[PDB]
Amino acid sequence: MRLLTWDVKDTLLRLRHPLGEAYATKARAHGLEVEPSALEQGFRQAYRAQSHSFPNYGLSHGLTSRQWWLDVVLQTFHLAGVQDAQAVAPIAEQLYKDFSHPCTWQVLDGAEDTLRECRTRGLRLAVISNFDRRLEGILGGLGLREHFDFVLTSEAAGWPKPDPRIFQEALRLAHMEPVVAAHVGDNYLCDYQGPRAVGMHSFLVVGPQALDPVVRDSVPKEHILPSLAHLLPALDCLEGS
């Protein structure tokens, strides 16, 4: 293997606080008292609605990803019962900015050691993520950007995983053939099936929870990582063949 590509969710990073709590905490500070559960439901609905009409951050239909997220936050609060856009606007701006701050995130235990160990083996690393343009700066603020040759977001690529074009663009940037590249992430469709459709290897991080039936029934156990601790061992069984 020569290249390992990564998504960041439940592999490298997770949000420190649930969204409802985060939105509610911010709102309280700014004089709006909204229940976290109301915001979590509002957000679910707002995010889905926005994606319905403006897929991949609206970039193909006249929006910027910052505007897309402002729209989602405004609508989250609206559904939660705060319709005054003047009142929410500043809250939305702080949430948008805070998203990039390292204190928003927890780097998973052992993730950075795993990246360092991959590099010491001579692997090139890169990111392939359905994330907006803020991902680069998130990684930089956490001291993780240094490990990666590039960070290819769906915003930058113009197509999200599992579309073959995002993987093909990563391979072009890496100057690598698919057979020497492996992708690692936590979503069956986006991170397991997607890369394999262009001939890359892929490994699915599933956590300690019992398996999704489709994964259980359809994915070889050799490709299933309960945690990142299992990645290098999985790669060695691949190489050993």
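Note that residue numbering begins at 1 and tracks the sequence as displayed.
> Quick one: higher average CA temperature factor, 155 to 163 or 81 to 89?
On average, C-alpha B-factors are higher across 81 to 89.
> Quick one: say whether 66 to 74 or 202 to 210 has the higher mean Cα B-factor in the deposited entry.
In the deposited entry, the stretch with the higher C-alpha B-factor mean is 202 to 210.
> Rank-wise, by C-alpha B-factor, drop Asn187 into the lowest, middle or highest third of its chain.
Highest third.
> Going by the recorded CA B-factors, say which third of the chain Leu232 sits in, lowest, middle or highest.
It falls in the top third of the chain.
> What third of the chain, by the recorded C-alpha B-factor, contains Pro178?
Lowest third of the chain for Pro178's C-alpha B-factor.
> Which third of the chain does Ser100 land in by C-alpha B-factor: lowest, middle or highest?
Middle third, going by the recorded CA B-factors of the chain.
> What third of its chain's C-alpha B-factors does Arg28 belong to: lowest, middle or highest?
Lowest third.
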